[PDB]
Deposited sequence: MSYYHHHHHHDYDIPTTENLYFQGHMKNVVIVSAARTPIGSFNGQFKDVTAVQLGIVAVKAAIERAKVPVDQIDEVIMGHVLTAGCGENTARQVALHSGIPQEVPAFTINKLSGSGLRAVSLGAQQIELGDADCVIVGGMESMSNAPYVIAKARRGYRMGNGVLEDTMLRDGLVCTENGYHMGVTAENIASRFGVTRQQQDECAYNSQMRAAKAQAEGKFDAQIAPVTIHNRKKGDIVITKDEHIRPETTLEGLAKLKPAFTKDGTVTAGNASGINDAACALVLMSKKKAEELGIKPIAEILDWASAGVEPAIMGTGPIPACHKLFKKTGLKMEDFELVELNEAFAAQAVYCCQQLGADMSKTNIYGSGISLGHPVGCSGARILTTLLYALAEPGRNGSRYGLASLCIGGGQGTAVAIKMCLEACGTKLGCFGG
């Protein structure tokens, strides 16, 4: 295991709906809210920060190296280096494990990690404006599809990759809608019971102060879902009611060496034990969590049943159900407060977001299980990434 890496804080913005409450807010701006919050919760002096690593997928028109922009505007000294990564939906979680690597090697004693995404403000592009089209029409490309949600390999939406999982693996419409229903009910109940209150950092729009995850649909019913029309294929199983949302949010965590945390008198929340990534066939990219988790299990000597709580992102109900079946997930310990379907899925953010939700869930009074947590998600182009943690108490 990594032996020297702890999480000392975490924070996420509310999750906005597509063209919703954060439509007038950049990914950088959401990123700043989250990082400022993470720094304050850790009580880390900003001159102890060694690096900032942020996932961000849809970067067109956002300006230079968005991680660096966020850092400079969260009160982090200009002397601290920063870079941005893209592993699509894996981005925010691979940012965390890259940061953990920095600390475990002794290249850093404190790293800010996270992810951000404003899918609302992914722009449109034209490919041939530099040297000209000469004659004939061109395409006005939605970068959220071109550079995000469309499989570059196959030329179809991620939602078709979900239908592939449905076809090949026999995940029925009823199963998908059941998963979707449970996710909404869980998210609604969690919200109403204050389960998200502490982890959320409010976003002030200069004024309106946004505190609530706006994508949850508490009025969701099994019958309502069954009426919906397929979204990606005619006579399909995947709908808008059982696919993840398109959303806007950011999320950040402060990582530290054990020795640095001790020196600053900062209480460690959790250790990071290890991480893994793995590739799969792009056409069934939803399966990525399965080899990613297996690899993580071989590196750590853990098994699925050892985890007290598990976050496996719901990109599509077809995907989430298949992953949970094959890994032998306990659904009473997996995605307990909803996930991508209910809360939403801002793609560069979600990897750090699910780790943040896991951490706060496991930190709650009365959690006296194994104290191990697992986070994993699927990734367009056919990948998965995962991280194991153990709470410190």
| query | finding |
| --- | --- |
| Parts of the chain sequence, as deposited, that carry no C-alpha coordinates in this structure | 1-24, 231-235, 423-434 |
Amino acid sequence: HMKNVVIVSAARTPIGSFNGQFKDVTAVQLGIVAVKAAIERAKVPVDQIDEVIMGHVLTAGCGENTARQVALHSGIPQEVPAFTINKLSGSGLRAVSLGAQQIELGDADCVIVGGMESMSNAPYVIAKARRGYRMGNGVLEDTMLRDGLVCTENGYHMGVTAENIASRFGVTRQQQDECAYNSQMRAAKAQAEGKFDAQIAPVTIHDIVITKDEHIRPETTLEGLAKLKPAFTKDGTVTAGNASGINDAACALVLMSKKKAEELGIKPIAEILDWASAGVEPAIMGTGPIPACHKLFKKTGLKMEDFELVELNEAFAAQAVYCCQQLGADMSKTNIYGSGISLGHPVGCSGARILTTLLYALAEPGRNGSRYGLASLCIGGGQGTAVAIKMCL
From here on, numbers count along this sequence of modelled residues.
{"property": "Per the entry, higher mean C-alpha B factor between 319-327 and 213-221", "result": "213-221"}
{"property": "Stretch exceeding the other in mean C-alpha B-factor - 78-86, 161-169", "result": "161-169"}
{"property": "Deposited CA B-factor, highest of 71, 251, 285, 179", "result": "179"}
{"property": "Top Cα B factor in the deposited entry, candidates 259, 146, 295, 94", "result": "259"}
{"property": "Third assignment of residue 368 from its chain's C-alpha B-factors", "result": "highest"}
{"property": "Third of chain Cα B-factors occupied by residue 203", "result": "highest"}
{"property": "Among modelled residues of the same chain, the CA temperature factor third for residue 114", "result": "lowest"}
{"property": "Modelled-residue ranking by C-alpha temperature factor, third containing residue 141", "result": "middle"}
{"property": "Third of the chain's Cα B-factor distribution that residue 377 belongs to, per the entry", "result": "lowest"}
